[PDB]
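Below you will find one chain, with nothing else, as structure tokens; this is the form deposited in one PDB entry, and questions on how it binds or moves follow later.
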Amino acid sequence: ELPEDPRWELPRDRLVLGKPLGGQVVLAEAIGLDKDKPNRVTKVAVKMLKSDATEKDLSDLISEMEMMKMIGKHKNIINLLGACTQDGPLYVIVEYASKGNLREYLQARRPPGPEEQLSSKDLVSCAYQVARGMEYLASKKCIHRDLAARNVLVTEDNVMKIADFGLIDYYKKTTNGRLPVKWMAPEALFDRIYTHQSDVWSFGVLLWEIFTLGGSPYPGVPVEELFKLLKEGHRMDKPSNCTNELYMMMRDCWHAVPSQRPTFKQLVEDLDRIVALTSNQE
């Protein structure tokens, strides 16, 4: 009993559902996703209601879909492709990223104790692509609030895509057993203040994740000890196989004063320059 938006509506019979990927997300094939391409099958990700889903859950899912419509398309975000709103449960159809989240992608490509190995240029490129996605989201007045390698997805073509931009208990942990408070700006953590500046702080932690090839920030540090580290002005160590220039970029993202952090616009220009100058030879 949902209103149709014909621009975005895909007939239910065009969506071949497949195995679970993670609400609730399944892999699917869409036939004729594109009006000018009715015989093309596209691998997509379909977000839907779980079996014991509340009225708020359906309200959250609709809100994420409507937010994605307003933000519009960018290469370095997970883009809305369609929806099934008529004659069944709500399906929100988004881009599929076959190579998983950036933490998984990096860990799988660590040098031996893997199939593929990343160059220094490839790591800086990852950072540039996330910065570009975030600059686009910022330009649309979207504050992420949980920017982390876990919320960046990687496509078959190694494109970085920001996820969960459309959507706390400080002690709740991720699937992977990590504490999301470890990505949060002090003003977000202590004062509940979330800005593009607090997302730049999170981007600092994400740069550290990239240069540690999916390293875990503050391993073994519980929430109460993290709070004390932040109050003391502690900053994470420079990763090995990270230039002084990229470490100083991380430190600048971690400025105690939100106004003094670089913007995503600044980070994109600086990372553009650094990519050009960074070796792909190791």
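Quick note: we count residues from 1 along the sequence shown, nothing fancier. For the two forms, the rigid core is made up of the largest set of C-alpha atoms that agree within 1.5 Å on superposition.
Keep in mind the form deposited in another entry is missing from the figure; the text below concerns it.
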Requested in this report: Once the rigid core is lined up, just say which one of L230, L213, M48, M236 has a C-alpha that travels 2 Å or more between this form and the one not shown.
Outcome: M48
Query raised in the report: Superposing on the rigid core, is the CA of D272 displaced by 2 Å or more between this form and the one not shown?
Result: no
Query raised in the report: Is it true that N79 shifts between this form and the one not shown by 2 Å or more at the Cα, once the core is aligned?
Result: no
Query - CA of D252, rigid core aligned, shift of 2 Å or more between this form and the one not shown - result: no
Requested in this report: Kindly indicate if, in that other deposited form, the C-alpha atoms of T175 and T155 are closer or farther apart than in the structure shown, bearing in mind the change is 3 Å or more.
Outcome: farther
**Report entry** Relative Cα spacing, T175 and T195, in that other deposited form - shift of 3 Å or more
**Finding:** closer
